[PDB]
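What follows is a single structure, written as C-alpha cells, with notes after it.
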Amino acid sequence: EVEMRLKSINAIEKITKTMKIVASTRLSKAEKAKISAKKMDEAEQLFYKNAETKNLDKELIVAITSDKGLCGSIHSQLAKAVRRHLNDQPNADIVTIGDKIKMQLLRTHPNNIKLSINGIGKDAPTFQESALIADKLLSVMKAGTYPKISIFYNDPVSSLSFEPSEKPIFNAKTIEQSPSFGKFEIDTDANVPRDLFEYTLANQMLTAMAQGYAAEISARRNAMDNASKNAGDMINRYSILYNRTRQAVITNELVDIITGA
Amino acid sequence: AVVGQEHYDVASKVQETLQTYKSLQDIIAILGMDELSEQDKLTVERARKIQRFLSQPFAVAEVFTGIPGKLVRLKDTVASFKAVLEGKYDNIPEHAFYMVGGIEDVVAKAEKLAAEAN
Amino acid sequence: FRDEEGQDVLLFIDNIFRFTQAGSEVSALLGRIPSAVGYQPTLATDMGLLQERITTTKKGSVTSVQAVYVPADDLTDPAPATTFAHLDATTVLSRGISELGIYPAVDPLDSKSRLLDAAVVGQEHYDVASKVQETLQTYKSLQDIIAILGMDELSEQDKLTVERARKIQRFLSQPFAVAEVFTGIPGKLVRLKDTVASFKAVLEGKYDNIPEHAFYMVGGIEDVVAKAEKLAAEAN
Amino acid sequence: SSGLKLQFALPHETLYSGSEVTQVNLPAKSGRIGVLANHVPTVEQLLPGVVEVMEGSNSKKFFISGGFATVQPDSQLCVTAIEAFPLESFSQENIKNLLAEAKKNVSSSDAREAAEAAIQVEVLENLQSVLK
Amino acid sequence: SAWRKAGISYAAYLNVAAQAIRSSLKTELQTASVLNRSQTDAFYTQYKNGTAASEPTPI
Amino acid sequence: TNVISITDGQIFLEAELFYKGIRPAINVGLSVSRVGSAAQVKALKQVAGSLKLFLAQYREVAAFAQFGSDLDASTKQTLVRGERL
C-alpha cells in the first residue's frame, strides 16, 4: 500500500489543499466583484419595487454557469432546477453559458437548446464579455418577443448553502405600460422602454453570471474541502493499517526467528 | 520485430490508457470524475472501454458467462484496438464492449442495445 | 584521546545504521535469539554500551557526530528511532534540497539543535536563526500556492519574505574545501559570528537588490557581492 | 429628504452608496440633468460624459461610460456607472488622439462595423471635449 | 446615436463606450481589470434541435 | 536494503514508470549515483546538470500536471519541459 499511501498523501491531499486555497483566493476577488455589481443590482431591484413593472401574459431560458466541472453539487443543483423549470414549460429557447451546464442541457432537452457559449468561466467575470453576450442574445434570439426571461444562477447564503435564485426580466412591453410607470418621468422620444429593457437585460445577466461564478467557486471550495476531509480520514485509517501491517512484519520475523533458531 | 510495429504501438498505447485509468482511480473515486481535464477524461473513458473490451466469452465457460464462446484472430484484435484507440467508437457506450469478440460484435451489440433501449 | 591527553576530540561515526545492522548480523550468525527489537536482542545492551561511552568526562569532551541512513524513510523500524533517541542535535540531509542546487542538502526546518537558545548560542544568534527558519517555513508554506496560482497575486509582505527566503536558501550552500575534486570551487571556511552577521544583514533587506544567484555557492557576504559582480559581468 | 443620497456604483469599484451630495449633474440621454434635492422621480439613459458630483470636497469631474438617470421620489438618486474617471490621472491627449485617428482610419469596414466605428468616433470626440 | 436603428443594439453602445474608456486612458491606468475587460473570448455557437453547432464565432 | 547499502549507486527501475512507457523507466527520483558527474563526460556532465535540475523541478511540480488546472505560466513551462524530457 506504499504507492497507495503516497498517492493519497501527496497526490490527492496536499495539492487538493492548495487548490482549495487558490479557490479561496479567487473567492476573495470574486466576492469583491460580486458586491461591486450587487450595488447596482440592489439599486435596480429597489427601483423596480418602487415602480412596479410586473409583466402580464414565447418564453426564454438562460442557463448561466461557469466552466467548472461539477464541483460537488452546484452543477447538479442547477441541472435539477432547470429540469424542473422545463417540466413547468418545455417551449423555450434555452441559452447555455458554460460547459457542464451545456452538456447537462444537451442530455436533458437537446431540442429546446439553440445557443451555447464556451470559454466564459476562465477567470473572474468581465463586463465587456457579458454585455457582448447580452447583445448577441437580444439580437439572434430576440428576447424582447418573450414576455418573461428566466436566468438561472446559484446564491450562497454565507459560505456553504446555495439556492437557485431567479430574477425576473422586464421587457419593453411591461416598461411602456405598468401599474406604476407614471411615478417616474419618462421621455417618449428617447425610447426609454426599450432602453431600460436592454439595460436590465444587461445588468441583471452580468451580475447573475458574477454571482453564479462566486457561488460556483464557493461550492468548489466546499467540494474540495469535502475531498480534503475524505483524503484525511482515508489517510488516517490507511496509516493505521500501514502501522498494523509493518508491525505484522515484525511479528512474522519474530515467529520465524524463534521457530528457525 | 516479432509481433510487428503496429501491434507493438497498439499494445503500448492500450497499456498507457489503462495505466492512466489506474493512476486516476482515486481521482475519479473521491476527488471527482467531472473535476478532471478533458484529455485525462477522454483517456479514462478510452481505458474503461478497453477494459470492457478485454472481456471475451469462452466456449468452456458458455454455461458460466451465458454468451457463446466466439474466437478472435490476432489481426482482427489488433485492427479493432487500433480503431478504438483512434476514438472512432467514443460515442458508443462502454457496455457495448461487454462480453463481445471482434469489432463487428461491438457494433452489433451497440445496434441491439440502441434498438432495445430506443 | 580524551582521557590521557585531556583535549576535546571529535568522534565521527560513519553510519550508525550500518553499526546496528552489523550488530543484528553478528546476532544472526550466533544464537542470539532476537527479542529486544526484533532483529537483535542484544542491540539495546551493546548500543547503550557504545553510546554511553561517549561522555563529557572531567578529563575532556568527545563530540560524537553519527550519520543515520534512513532507507526510503523507514521510521517504522526501531533502528532509526533508537538513533533518534541518542542524539541531541540533528543535521538531516534530505535529498530534495540537493536536487534543487543546495548540495549540502541540510533541511533548515528539520535540522533542530538542543542548544539553539538565547542562553547558550546567544540572543542575536538565536533571533537570527529563528527568523531565518520562520522565513524559510513561510517559503515552503507558500510554495504550493505560488506553483498552483502564481507570484503576482501573492501579498507584497509575503513577496518580500519569499524573496528573502530564496536568497537565504541560496546562501545556505557553501563551498567545501573537500569538494574541489568534484566542484572545482575553492572551499570557504566561514565563522559562526561571520555567519550570523551575514544572515542578519541579508535578512534585514540591505541586500535585497542583489540577485539570488550571488548567494549561491559562496561563503561570506563579501563573497556574495563578489559573485554578484561576477554574474553581472557574465550576463552582460 | 435633505440633499441627495447618491449611489455611484461600478462593476469593479463602487464610488458612492447613500452618500450626501449637493449637485449630481449627469449627462442624460437628451442632455445633462441637474439634481439638487428631492428631484422628480425619473428613469432615463445617460450618454458618456462628466458626472459632476458636488460634495463637501473640491471640484470632482467624473466622466461616465454609461448609466441611467434613475431618481427615486425619496431623493435617493442612483447613478450606475461602468468606468471611473480620476480627476487628473485620466486626462491624457496623445494616446486618445492616436486611438481616435487609428479608429477613423479603420472605420471603412462593413456597415455593421461602420455603425460601431461611427459611434466610437463620436464617443472619442466626446472624450476629447471632456479632456478640456 | 443610431445604435437602436443602424447600430447593433444598446448593449453594443455600452460595450463600445466601455472599451473606449478603458483603452483610451493613461498607461498606468491599464490595470489587471482593464486587461480582463479588453480580453474577450466569448465563442458563442448557434445550436439547434439536433445540436447542430453552427460556428464558435468570436464576440 | 543490504545491496543498496553496499553498492555506490542504485539504479531504480520501478514498474510504474514502465507502465507509463518510460522504458527503461529509471526512477530518477529514487535513483542514486554516488560517483555522479566525477566519472562522466564533461559535455555530458554539462547537459546532465541542467537535465537533473529540470527533472527535479518537474517531479516536485508533477502533481499539477495530473491536476491540469489553471497553473502559473512558469510552472506550466517547467511541467512541459519536464514531460518533454
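Residue numbers start at 1 in each chain; chains themselves are named A, B, ... in the order of the C-alpha cells; ligands are numbered from 1 in the order shown.
All of the residues in chain A within 10 Å of chain B are residues 4, 7, 8, 11, 12, 13, 16, 68, 69, 70, 71, 72, 100, 220, 223, 224, 226, 227, 228, 230 and 231 of chain A, where only C-alpha atoms were counted.
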Preceding selection exported with C-alpha atoms as a PDB file, in the first residue's frame:
ATOM      1  CA  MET A   4      -1.473   3.950  -2.485  1.00  0.00           C
ATOM      2  CA  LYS A   7      -0.859   8.873  -3.956  1.00  0.00           C
ATOM      3  CA  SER A   8      -3.173   9.559  -1.012  1.00  0.00           C
ATOM      4  CA  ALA A  11      -1.447  13.389  -4.903  1.00  0.00           C
ATOM      5  CA  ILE A  12      -4.984  13.868  -3.518  1.00  0.00           C
ATOM      6  CA  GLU A  13      -4.482  15.599  -0.138  1.00  0.00           C
ATOM      7  CA  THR A  16      -6.206  19.441  -3.131  1.00  0.00           C
ATOM      8  CA  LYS A  68     -16.082  24.428 -13.508  1.00  0.00           C
ATOM      9  CA  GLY A  69     -16.593  20.697 -13.956  1.00  0.00           C
ATOM     10  CA  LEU A  70     -19.390  19.851 -11.493  1.00  0.00           C
ATOM     11  CA  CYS A  71     -17.679  20.962  -8.285  1.00  0.00           C
ATOM     12  CA  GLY A  72     -19.617  18.677  -5.960  1.00  0.00           C
ATOM     13  CA  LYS A 100     -21.013  21.409 -17.674  1.00  0.00           C
ATOM     14  CA  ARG A 220     -15.785  24.358  -5.422  1.00  0.00           C
ATOM     15  CA  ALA A 223     -16.346  20.244  -2.521  1.00  0.00           C
ATOM     16  CA  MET A 224     -12.553  20.378  -2.300  1.00  0.00           C
ATOM     17  CA  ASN A 226     -15.033  17.589   1.458  1.00  0.00           C
ATOM     18  CA  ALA A 227     -12.444  15.841  -0.722  1.00  0.00           C
ATOM     19  CA  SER A 228      -9.744  17.020   1.695  1.00  0.00           C
ATOM     20  CA  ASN A 230     -12.109  12.297   2.698  1.00  0.00           C
ATOM     21  CA  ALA A 231      -8.375  12.256   1.976  1.00  0.00           C
TER      22      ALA A 231
END
Residues within 9 Å of residue 29 (chain D), only C-alpha atoms, excluding chain neighbours under 2 positions, as number ranges by chain:
A: 190; D: 27, 31-32, 44-47, 68-69
Could you take the residues named above and write them with N, CA, C and O atoms, as a PDB file, in the first residue's frame?
ATOM      1  N   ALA A 190     -37.216  59.538 -26.395  1.00  0.00           N
ATOM      2  CA  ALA A 190     -35.959  58.878 -26.070  1.00  0.00           C
ATOM      3  C   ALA A 190     -36.043  57.359 -26.144  1.00  0.00           C
ATOM      4  O   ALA A 190     -35.006  56.698 -26.018  1.00  0.00           O
TER       5      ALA A 190
ATOM      6  N   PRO D  27     -24.931  63.387 -17.453  1.00  0.00           N
ATOM      7  CA  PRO D  27     -25.269  63.560 -18.875  1.00  0.00           C
ATOM      8  C   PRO D  27     -26.431  62.694 -19.344  1.00  0.00           C
ATOM      9  O   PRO D  27     -26.223  61.564 -19.794  1.00  0.00           O
ATOM     10  N   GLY D  31     -29.733  65.581 -22.810  1.00  0.00           N
ATOM     11  CA  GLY D  31     -28.617  66.438 -22.467  1.00  0.00           C
ATOM     12  C   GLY D  31     -27.906  65.982 -21.211  1.00  0.00           C
ATOM     13  O   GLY D  31     -27.365  64.876 -21.150  1.00  0.00           O
ATOM     14  N   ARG D  32     -27.861  66.863 -20.221  1.00  0.00           N
ATOM     15  CA  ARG D  32     -27.376  66.565 -18.882  1.00  0.00           C
ATOM     16  C   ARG D  32     -28.393  67.132 -17.899  1.00  0.00           C
ATOM     17  O   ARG D  32     -29.029  68.152 -18.184  1.00  0.00           O
ATOM     18  N   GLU D  44     -34.112  57.152 -17.125  1.00  0.00           N
ATOM     19  CA  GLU D  44     -33.640  57.595 -18.430  1.00  0.00           C
ATOM     20  C   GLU D  44     -32.153  57.289 -18.557  1.00  0.00           C
ATOM     21  O   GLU D  44     -31.408  57.401 -17.581  1.00  0.00           O
ATOM     22  N   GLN D  45     -31.735  56.911 -19.765  1.00  0.00           N
ATOM     23  CA  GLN D  45     -30.355  56.523 -20.020  1.00  0.00           C
ATOM     24  C   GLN D  45     -29.432  57.741 -20.021  1.00  0.00           C
ATOM     25  O   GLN D  45     -29.861  58.884 -20.202  1.00  0.00           O
ATOM     26  N   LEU D  46     -28.143  57.479 -19.811  1.00  0.00           N
ATOM     27  CA  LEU D  46     -27.110  58.505 -19.800  1.00  0.00           C
ATOM     28  C   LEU D  46     -26.096  58.233 -20.900  1.00  0.00           C
ATOM     29  O   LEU D  46     -25.601  57.108 -21.027  1.00  0.00           O
ATOM     30  N   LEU D  47     -25.790  59.258 -21.689  1.00  0.00           N
ATOM     31  CA  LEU D  47     -24.677  59.180 -22.619  1.00  0.00           C
ATOM     32  C   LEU D  47     -23.368  59.451 -21.883  1.00  0.00           C
ATOM     33  O   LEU D  47     -23.364  60.073 -20.817  1.00  0.00           O
ATOM     34  N   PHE D  68     -27.800  55.244 -15.984  1.00  0.00           N
ATOM     35  CA  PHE D  68     -29.186  55.687 -16.017  1.00  0.00           C
ATOM     36  C   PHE D  68     -29.396  56.840 -15.049  1.00  0.00           C
ATOM     37  O   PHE D  68     -28.780  56.887 -13.981  1.00  0.00           O
ATOM     38  N   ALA D  69     -30.272  57.768 -15.431  1.00  0.00           N
ATOM     39  CA  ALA D  69     -30.682  58.865 -14.555  1.00  0.00           C
ATOM     40  C   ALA D  69     -31.885  58.443 -13.710  1.00  0.00           C
ATOM     41  O   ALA D  69     -32.969  59.025 -13.768  1.00  0.00           O
TER      42      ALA D  69
END
Would you list which chain E residues are within 9 Å of chain D using only C-alpha atoms, as a ChimeraX atom specification?
/E:1-3,6-8,12-14,16-18,20-29,33
Could you pull out all residues of region 60-129 of chain D with a DSSP call of strand (DSSP E or B) and give them as a PyMOL selection string?
chain D and resi 63-64+67-68+70-71+78+80
For residue 127 (chain A), find every residue with an atom within 12 Å (counting only C-alpha atoms), except residues of its own chain fewer than 6 positions away, and show them as an mmCIF file with N, CA, C and O atoms, in the first residue's frame.
data_model
loop_
_atom_site.group_PDB
_atom_site.id
_atom_site.type_symbol
_atom_site.label_atom_id
_atom_site.label_comp_id
_atom_site.auth_asym_id
_atom_site.auth_seq_id
_atom_site.Cartn_x
_atom_site.Cartn_y
_atom_site.Cartn_z
ATOM 1 N N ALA A 33 -15.883 41.621 -6.680
ATOM 2 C CA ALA A 33 -16.617 41.919 -7.909
ATOM 3 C C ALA A 33 -18.120 41.743 -7.710
ATOM 4 O O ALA A 33 -18.925 42.528 -8.231
ATOM 5 N N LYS A 34 -18.511 40.714 -6.955
ATOM 6 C CA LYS A 34 -19.919 40.423 -6.734
ATOM 7 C C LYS A 34 -20.597 41.534 -5.949
ATOM 8 O O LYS A 34 -21.709 41.940 -6.287
ATOM 9 N N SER A 36 -19.505 44.635 -5.791
ATOM 10 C CA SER A 36 -19.487 45.812 -6.651
ATOM 11 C C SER A 36 -20.676 45.812 -7.605
ATOM 12 O O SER A 36 -21.373 46.824 -7.733
ATOM 13 N N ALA A 37 -20.943 44.678 -8.258
ATOM 14 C CA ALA A 37 -22.084 44.595 -9.168
ATOM 15 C C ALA A 37 -23.415 44.538 -8.423
ATOM 16 O O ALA A 37 -24.431 45.053 -8.914
ATOM 17 N N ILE A 120 -16.020 30.959 -21.042
ATOM 18 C CA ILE A 120 -16.508 32.045 -20.206
ATOM 19 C C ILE A 120 -15.978 31.944 -18.781
ATOM 20 O O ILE A 120 -15.568 32.950 -18.197
ATOM 21 N N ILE A 133 -22.384 39.255 -24.853
ATOM 22 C CA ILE A 133 -23.276 38.099 -24.815
ATOM 23 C C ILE A 133 -24.729 38.552 -24.777
ATOM 24 O O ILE A 133 -25.593 37.973 -25.446
ATOM 25 N N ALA A 134 -25.023 39.590 -23.990
ATOM 26 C CA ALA A 134 -26.381 40.123 -23.941
ATOM 27 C C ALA A 134 -26.808 40.669 -25.296
ATOM 28 O O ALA A 134 -27.950 40.463 -25.726
ATOM 29 N N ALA A 202 -28.953 43.567 -19.544
ATOM 30 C CA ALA A 202 -27.501 43.562 -19.404
ATOM 31 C C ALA A 202 -27.077 43.459 -17.943
ATOM 32 O O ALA A 202 -26.284 42.585 -17.582
ATOM 33 N N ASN A 203 -27.597 44.341 -17.087
ATOM 34 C CA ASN A 203 -27.133 44.403 -15.703
ATOM 35 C C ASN A 203 -27.510 43.146 -14.929
ATOM 36 O O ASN A 203 -26.673 42.567 -14.220
ATOM 37 N N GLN A 204 -28.772 42.716 -15.034
ATOM 38 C CA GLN A 204 -29.208 41.529 -14.313
ATOM 39 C C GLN A 204 -28.427 40.302 -14.754
ATOM 40 O O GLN A 204 -28.004 39.504 -13.918
ATOM 41 N N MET A 205 -28.207 40.142 -16.062
ATOM 42 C CA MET A 205 -27.474 38.970 -16.534
ATOM 43 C C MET A 205 -26.009 39.035 -16.117
ATOM 44 O O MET A 205 -25.426 38.014 -15.735
ATOM 45 N N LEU A 206 -25.396 40.220 -16.180
ATOM 46 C CA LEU A 206 -23.993 40.353 -15.800
ATOM 47 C C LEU A 206 -23.791 40.021 -14.328
ATOM 48 O O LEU A 206 -22.906 39.232 -13.971
ATOM 49 N N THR A 207 -24.608 40.608 -13.455
ATOM 50 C CA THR A 207 -24.479 40.305 -12.038
ATOM 51 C C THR A 207 -24.942 38.897 -11.704
ATOM 52 O O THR A 207 -24.414 38.297 -10.767
ATOM 53 N N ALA A 208 -25.894 38.348 -12.460
ATOM 54 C CA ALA A 208 -26.273 36.954 -12.284
ATOM 55 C C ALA A 208 -25.107 36.033 -12.597
ATOM 56 O O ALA A 208 -24.872 35.055 -11.884
ATOM 57 N N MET A 209 -24.356 36.337 -13.656
ATOM 58 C CA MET A 209 -23.221 35.497 -14.020
ATOM 59 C C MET A 209 -22.075 35.683 -13.033
ATOM 60 O O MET A 209 -21.376 34.719 -12.698
ATOM 61 N N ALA A 210 -21.891 36.904 -12.524
ATOM 62 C CA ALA A 210 -20.889 37.128 -11.483
ATOM 63 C C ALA A 210 -21.237 36.368 -10.205
ATOM 64 O O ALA A 210 -20.374 35.720 -9.597
ATOM 65 N N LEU D 10 -19.981 50.829 -9.640
ATOM 66 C CA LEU D 10 -19.245 50.312 -10.781
ATOM 67 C C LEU D 10 -19.100 48.804 -10.654
ATOM 68 O O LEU D 10 -19.075 48.271 -9.539
ATOM 69 N N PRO D 11 -19.011 48.088 -11.778
ATOM 70 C CA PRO D 11 -18.813 46.632 -11.700
ATOM 71 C C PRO D 11 -17.489 46.232 -11.074
ATOM 72 O O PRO D 11 -17.355 45.087 -10.623
ATOM 73 N N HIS D 12 -16.509 47.131 -11.029
ATOM 74 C CA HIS D 12 -15.193 46.839 -10.474
ATOM 75 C C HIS D 12 -14.923 47.534 -9.149
ATOM 76 O O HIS D 12 -14.354 46.919 -8.244
ATOM 77 N N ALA D 81 -22.729 53.185 -13.112
ATOM 78 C CA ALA D 81 -21.563 53.519 -13.915
ATOM 79 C C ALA D 81 -20.775 52.253 -14.214
ATOM 80 O O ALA D 81 -20.944 51.222 -13.559
ATOM 81 N N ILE D 82 -19.906 52.348 -15.222
ATOM 82 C CA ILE D 82 -19.071 51.238 -15.663
ATOM 83 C C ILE D 82 -17.590 51.544 -15.471
ATOM 84 O O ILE D 82 -16.843 50.733 -14.915
ATOM 85 N N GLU D 83 -17.146 52.713 -15.926
ATOM 86 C CA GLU D 83 -15.749 53.113 -15.845
ATOM 87 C C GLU D 83 -15.619 54.397 -15.038
ATOM 88 O O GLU D 83 -16.389 55.343 -15.229
ATOM 89 N N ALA E 11 -26.736 47.360 -25.909
ATOM 90 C CA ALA E 11 -25.629 46.656 -25.270
ATOM 91 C C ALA E 11 -24.324 46.895 -26.018
ATOM 92 O O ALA E 11 -23.263 47.038 -25.401
ATOM 93 N N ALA E 12 -24.384 46.950 -27.351
ATOM 94 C CA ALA E 12 -23.205 47.324 -28.126
ATOM 95 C C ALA E 12 -22.771 48.753 -27.822
ATOM 96 O O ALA E 12 -21.573 49.057 -27.845
ATOM 97 N N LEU E 14 -23.047 50.301 -24.856
ATOM 98 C CA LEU E 14 -22.263 50.214 -23.623
ATOM 99 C C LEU E 14 -20.918 49.545 -23.868
ATOM 100 O O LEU E 14 -19.905 49.945 -23.283
ATOM 101 N N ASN E 15 -20.889 48.517 -24.718
ATOM 102 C CA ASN E 15 -19.640 47.816 -25.000
ATOM 103 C C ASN E 15 -18.602 48.762 -25.588
ATOM 104 O O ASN E 15 -17.462 48.827 -25.115
ATOM 105 N N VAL E 16 -18.988 49.512 -26.621
ATOM 106 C CA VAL E 16 -18.043 50.409 -27.277
ATOM 107 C C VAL E 16 -17.660 51.559 -26.351
ATOM 108 O O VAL E 16 -16.501 51.987 -26.329
ATOM 109 N N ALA E 17 -18.610 52.062 -25.553
ATOM 110 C CA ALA E 17 -18.283 53.135 -24.618
ATOM 111 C C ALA E 17 -17.268 52.670 -23.580
ATOM 112 O O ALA E 17 -16.281 53.365 -23.302
ATOM 113 N N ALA E 18 -17.490 51.487 -23.002
ATOM 114 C CA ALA E 18 -16.566 50.959 -22.004
ATOM 115 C C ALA E 18 -15.204 50.654 -22.613
ATOM 116 O O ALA E 18 -14.169 50.908 -21.986
ATOM 117 N N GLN E 19 -15.182 50.099 -23.829
ATOM 118 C CA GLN E 19 -13.908 49.810 -24.479
ATOM 119 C C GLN E 19 -13.135 51.091 -24.762
ATOM 120 O O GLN E 19 -11.914 51.142 -24.563
ATOM 121 N N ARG E 22 -11.772 52.408 -21.357
ATOM 122 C CA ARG E 22 -10.667 51.624 -20.813
ATOM 123 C C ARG E 22 -9.407 51.771 -21.659
ATOM 124 O O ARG E 22 -8.313 51.989 -21.126
ATOM 125 N N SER E 33 -7.814 44.614 -14.184
ATOM 126 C CA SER E 33 -9.227 44.643 -14.552
ATOM 127 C C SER E 33 -9.418 45.181 -15.965
ATOM 128 O O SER E 33 -10.249 44.671 -16.724
ATOM 129 N N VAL E 34 -8.658 46.214 -16.333
ATOM 130 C CA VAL E 34 -8.719 46.733 -17.698
ATOM 131 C C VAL E 34 -8.253 45.673 -18.689
ATOM 132 O O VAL E 34 -8.802 45.547 -19.792
ATOM 133 N N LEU E 35 -7.234 44.896 -18.314
ATOM 134 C CA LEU E 35 -6.763 43.820 -19.181
ATOM 135 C C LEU E 35 -7.843 42.765 -19.390
ATOM 136 O O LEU E 35 -8.034 42.276 -20.508
ATOM 137 N N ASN E 36 -8.556 42.397 -18.321
ATOM 138 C CA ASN E 36 -9.655 41.447 -18.465
ATOM 139 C C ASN E 36 -10.778 42.026 -19.318
ATOM 140 O O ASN E 36 -11.394 41.307 -20.113
ATOM 141 N N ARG E 37 -11.064 43.321 -19.157
ATOM 142 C CA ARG E 37 -12.096 43.957 -19.972
ATOM 143 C C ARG E 37 -11.725 43.933 -21.449
ATOM 144 O O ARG E 37 -12.577 43.669 -22.306
ATOM 145 N N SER E 38 -10.460 44.214 -21.765
ATOM 146 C CA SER E 38 -10.024 44.214 -23.159
ATOM 147 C C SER E 38 -10.075 42.814 -23.759
ATOM 148 O O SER E 38 -10.457 42.645 -24.924
ATOM 149 N N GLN E 39 -9.696 41.800 -22.985
ATOM 150 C CA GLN E 39 -9.641 40.428 -23.480
ATOM 151 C C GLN E 39 -11.047 39.840 -23.491
ATOM 152 O O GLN E 39 -11.662 39.659 -22.435
ATOM 153 N N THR E 40 -11.555 39.539 -24.684
ATOM 154 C CA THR E 40 -12.865 38.924 -24.852
ATOM 155 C C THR E 40 -12.713 37.659 -25.682
ATOM 156 O O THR E 40 -12.094 37.686 -26.751
ATOM 157 N N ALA E 42 -15.626 35.231 -25.860
ATOM 158 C CA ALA E 42 -16.933 34.587 -25.846
ATOM 159 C C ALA E 42 -17.244 33.975 -27.205
ATOM 160 O O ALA E 42 -17.763 34.653 -28.097
#
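Within 9 Å of chain C, counting only C-alpha atoms, chain A contributes residues 14, 15, 18, 19, 21, 22, 25, 243, 246, 247, 250, 251, 253, 254, 257, 258 and 261 of chain A.
Distance annotation: of A:9, A:124, A:74, A:86, the residue with the minimal separation from chain E is A:124; atom set is only C-alpha atoms.
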Using DSSP secondary structure from the backbone, list all helix (DSSP H, G or I) positions within chain B, as a ChimeraX atom specification.
/B:5-23,25-32,38-53,62-65,74-85,94-97,103-117
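Counting from CA of residue 7 (chain D), the distance to CA of residue 77 (chain D) is 6.4 Å.
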